[PDB]
Every structure is written in C-alpha cells, then in structure tokens.
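K.L.:
Take this sequence and fold it.
(one chain, ligands or ions: 1)
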Amino acid sequence: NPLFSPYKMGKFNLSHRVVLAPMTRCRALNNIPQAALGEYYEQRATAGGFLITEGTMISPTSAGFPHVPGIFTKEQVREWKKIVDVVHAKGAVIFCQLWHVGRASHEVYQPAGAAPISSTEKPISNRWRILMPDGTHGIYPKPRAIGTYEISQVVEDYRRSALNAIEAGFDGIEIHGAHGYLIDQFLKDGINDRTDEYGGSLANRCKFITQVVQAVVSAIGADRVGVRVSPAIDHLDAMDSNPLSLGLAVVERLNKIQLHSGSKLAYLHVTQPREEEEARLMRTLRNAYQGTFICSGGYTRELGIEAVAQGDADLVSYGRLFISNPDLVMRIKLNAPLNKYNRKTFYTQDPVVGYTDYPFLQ
Ligand SMILES: Cc1cc2nc3c(=O)[nH]c(=O)nc-3n(C[C@H](O)[C@H](O)[C@H](O)COP(=O)(O)O)c2cc1C
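P.N.:
Numbers count the residues shown, from 1 in each chain. The coordinates are given below.
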C-alpha cells in the first residue's frame, strides 16, 4: 500500500501519507483553544503522521464562524501549546492553518459590529447564507474594500500569527488561500476588479498571496510553511474565468519564492471539486510545482492509494472521514470498515458529542 510509504516533507520525516485535512469544528469557545481540542487531535494523531488544524484567526477581524480558535494573543498561544504537546507526545507532526475569512463574515462576528474586510465592496450573494452563533443563518453583508496600507497590516497579521504558532510549538503553518476567503477574494477575477496594483491583471491578483507567503516564509522559514488554494472551487461566489491559469500563476509565484529563499515550502495543498477534467487540472498544477503536493477533496482509501501510486500526489488529506474515524489511518491500513459521520454536529459547541465520541475500531 503506497499510502504507507515513508515521505520526507522537508525536515519532517512522515511514516505515512494520510493527512488530517484542516477542519473548522467550532469547539474553541471564545476563540480560545479548549482541552476538548487536545483530546480531539490526540485521538487522531499517529507516530510520524501529519496533522493540519482547523482554520485559526490571525486577528480580531478575521473570523466568520463561531468559536473558532485564534492565535493572535498570548493567551491563545499558551492554550495551543498544551494541545501541541499532547499531539507531539504521540509523535505526530502538526501545522496550524492561518485563516482570514474576508467578506465571508457578519457584523455579529466583527468587533464593534463593523463590516468585514475584502478586496472590493462586492458581497457574497443571497445564494449563500452564513451560520450564526445561535444556529440560524444570516445575510452576508457588504464588505469594506481595504487600501494598500491595510493590506500591509493584514500581511503583518499573518507574519505575527506564524511566529506565535512557532512559539506555541507548532512544526509549521498553512496559509488558507482557498474556498472563497480573504486570499481567494484577491485571487479570483470574479471578485477582484480593483484598479490599483492589487487588481486587474492576473499578476496583480496574485500579489496579495505572494506577499502573505513571503512574509511568513521570511519569518519562520519556507520549510515550515504550507500553502492551500482552490482555483477550481467556486464556493461563496468565488469563481475565476480561467482556474487552471490562476492556479498555474499561483504555482509560478511559489516556485519563484522558493528559489529566492533558497529553500522549499513544506508543500502546496490543493482542494478539488467533486471528473477526468478535474483530475487533469490537479495533475497539471502538481507537475508545475517544484515541491510536495497534497491533494484533497472527496478522497477515499482507494482514490488515495491511486493518487500516490500514479504519482498524482505525495500526500492525501482526509476531512469528513477523519471526523467520524479517529483512527482513520489504522483503518485505511487494515482496510477496515469506516464509520459514518453526523453533519448536524460538524459545527456545534459540545466538547464531546459529535467531536470526540466517535468510536475507535470495533
Ligand atoms: C466540517 C468541515 C470543516 C472544514 N474546515 C476547513 C477549514 O477550516 N479550512 C480549510 O482549508 N478547509 C476546511 N474544510 C475542507 C477540508 O479541509 C477538506 O478540504 C475536505 O473535507 C476534503 O473532502 P473530504 O471531507 O471528502 O475529505 C472543512 C471541511 C468540513 C467538512
């Protein structure tokens, strides 16, 4: 089984290719990492296994979901440290995903109920609705288009959070540049129609993610940095007229950064829509990238094996199946039956129900 072939992700020696995909679970009450998260990650940690955490706030204005962890305060750093130690004790490698939602927010998630920030004043349409703290759904508001000074500030937020992540003991961080969030709002031409140096051409649309990655790279080292994008996913009205070209353009930026840094990023992480055309899009991005490639989106044991075997990806990340199967790695290795997951408890707040109460093997 290819999934259990060792792999060197930079300085990190992984014993298998099954990765825990980053997943927002909303158990981090008041944006503070709780003990429950420790139990959760520890249940899924394996020796030499790679784990990516739920999206984590880089500032007070970066959230769009309830009770998601942050890492911009020393209090959050101290709490994260406890979780990282528990995970490291099992011999797992873990990265903290830095997440800023941009316009995918609500005044209820913003300080002083201010408006969410974005690349333009374009709001997500009524085709989508945001999950509110009380479990109902609300209207995505019109965002405030930021200037270049504020853009530099946001980049600084990523840099600080990355350092905080290292201070907490994380092996690295992953820049969440996909699924229609802040970075994707600058990338996609369906959204970004700015007239300044951050808009217009594809080159300009890629400026933000380039500066964000360079900033974190300069702060903690390329090998401790992973980057996630989803050029072919139009979630939250974030579509581009030429996904493959957008993807290849981001890839060129990453290769350029590595060469200029004289080091390689931990990896490029790409989420695909879920068929032959999509699979060709993925492989094309991978072939263009000088480094480790992590594929995600609707993968199964069989599809994961096929991916590594056909050389389509070095590592495979699982989300939903990892929610209901804490020992997903072991089950995949023994090819044991998987348990079903309950979507109703994907984003609830209980520290146990639908979070750490999914059973281990029979
Ligand atoms: C409940 C839930 C929360 C998620 N949270 C995040 C997140 O915070 N950041 C991110 O980049 N992807 C997130 N994802 C997407 C996953 O990382 C992953 O790409 C997706 O689950 C892959 O498909 P799979 O569930 O079929 O394995 C989430 C998915 C689910 C189901």
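K.L.:
Contacts only, for the residue of the chain at minimum distance from the ligand.
P.N.:
Proximity of the chain to the ligand (C-beta to the nearest ligand atom) peaks at residue 319, 2.1 Å away. Quick note: C-beta positions are derived from backbone N, CA and C, even for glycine. Contacts for residue 319 (C-beta atoms under 8 Å, 6 or more residues apart in numbering) come out as 21, 23, 296.
K.L.:
burial measure for the first one, as a count.
P.N.:
To tie it back to what came earlier, the one meant is residue 21. Per other C-beta atoms under 10 Å, the neighbour tally for residue 21 reads 22.
K.L.:
Could you measure from residue 81 over to residue 334?
P.N.:
33 Å (C-beta to C-beta, to the nearest Å).
K.L.:
These two - which one has more neighbours?
P.N.:
residue 81 (15 against 10).
K.L.:
if I pick that one, what's in contact with it?
P.N.:
Going by C-beta under 8 Å, 6+ apart, the list of residues near residue 81 reads 168-169.
K.L.:
And what about it, helix, strand or coil?
P.N.:
helix (DSSP: H, G, I helix; E, B strand; the rest coil).
K.L.:
where does this protein come near the ligand, residue by residue?
P.N.:
Residues of the chain that fall close to the ligand, judged by C-beta under 6 Å from any ligand atom: 21-24, 54-55, 97, 99, 176, 178, 228, 271, 296-299, 318-320, 346.
K.L.:
ranges for the strands of this protein?
P.N.:
7-9, 12-14, 18-20, 50-52, 93-98, 117-118, 130-131, 137-138, 144-145, 172-177, 225-229, 267-271, 293-296, 315-318 (DSSP state E).
K.L.:
and the residues of the chain next to the ligand, which of them are in helices?
P.N.:
Cross-referencing those against helices under DSSP state H gives residue 320.
K.L.:
Could you tell me which of the residues of the chain next to the ligand count as buried?
P.N.:
Among the residues of the chain next to the ligand, those classed as buried by 16 or more other C-beta atoms under 10 Å are 21-24, 54-55, 97, 99, 176, 178, 228, 271, 296-297, 299, 318-319, 346.
K.L.:
Is residue 178 in contact with residue 272, as I believe?
P.N.:
No - using C-beta atoms under 8 Å, residue 178 is not in contact with residue 272, being 10.5 Å away.
K.L.:
Quick check: neighbours shared by the two?
P.N.:
With contacts defined as C-beta under 8 Å, 6+ apart, the residues shared by residue 178 and residue 272 are 230, 233.
K.L.:
thinking again about what came up before, format the strands of the chain as JSON lines; extra columns: distance to residue 188.
P.N.:
Shown next, in JSON lines, are those (distance: least, C-beta to C-beta, whole Å):
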{"stretch": "strand 7-9", "distance to residue 188": "28"}
{"stretch": "strand 12-14", "distance to residue 188": "31"}
{"stretch": "strand 18-20", "distance to residue 188": "26"}
{"stretch": "strand 50-52", "distance to residue 188": "23"}
{"stretch": "strand 93-98", "distance to residue 188": "19"}
{"stretch": "strand 117-118", "distance to residue 188": "11"}
{"stretch": "strand 130-131", "distance to residue 188": "19"}
{"stretch": "strand 137-138", "distance to residue 188": "23"}
{"stretch": "strand 144-145", "distance to residue 188": "15"}
{"stretch": "strand 172-177", "distance to residue 188": "11"}
{"stretch": "strand 225-229", "distance to residue 188": "11"}
{"stretch": "strand 267-271", "distance to residue 188": "14"}
{"stretch": "strand 293-296", "distance to residue 188": "19"}
{"stretch": "strand 315-318", "distance to residue 188": "22"}
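K.L.:
Which of these sits closest to residue 64?
P.N.:
When these are compared by C-beta to C-beta, strand 130-131 sits nearest residue 64, at 6.8 Å.
K.L.:
Paired strands for the closest one, with orientation please.
P.N.:
Strand 130-131 sits in its sheet next to strand 137-138 (antiparallel), going by DSSP bridges.
K.L.:
got a list of contacts for the strand it pairs with?
P.N.:
Residues from elsewhere that reach strand 137-138 (C-beta under 8 Å, 6+ apart): 106, 108, 129-132.
K.L.:
quick one, helices of the stretch 1-150 of the chain?
P.N.:
35-44, 74-89, 148-167 (DSSP state H, counting those that start in this stretch).
K.L.:
Make CSV from the ones you listed and add distance to residue 241 to it.
P.N.:
Listed next are those as CSV, based on distance: least, C-beta to C-beta, whole Å:
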stretch, distance to residue 241
helix 35-44, 38
helix 74-89, 39
helix 148-167, 23
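K.L.:
Alright, that wraps it up for me.
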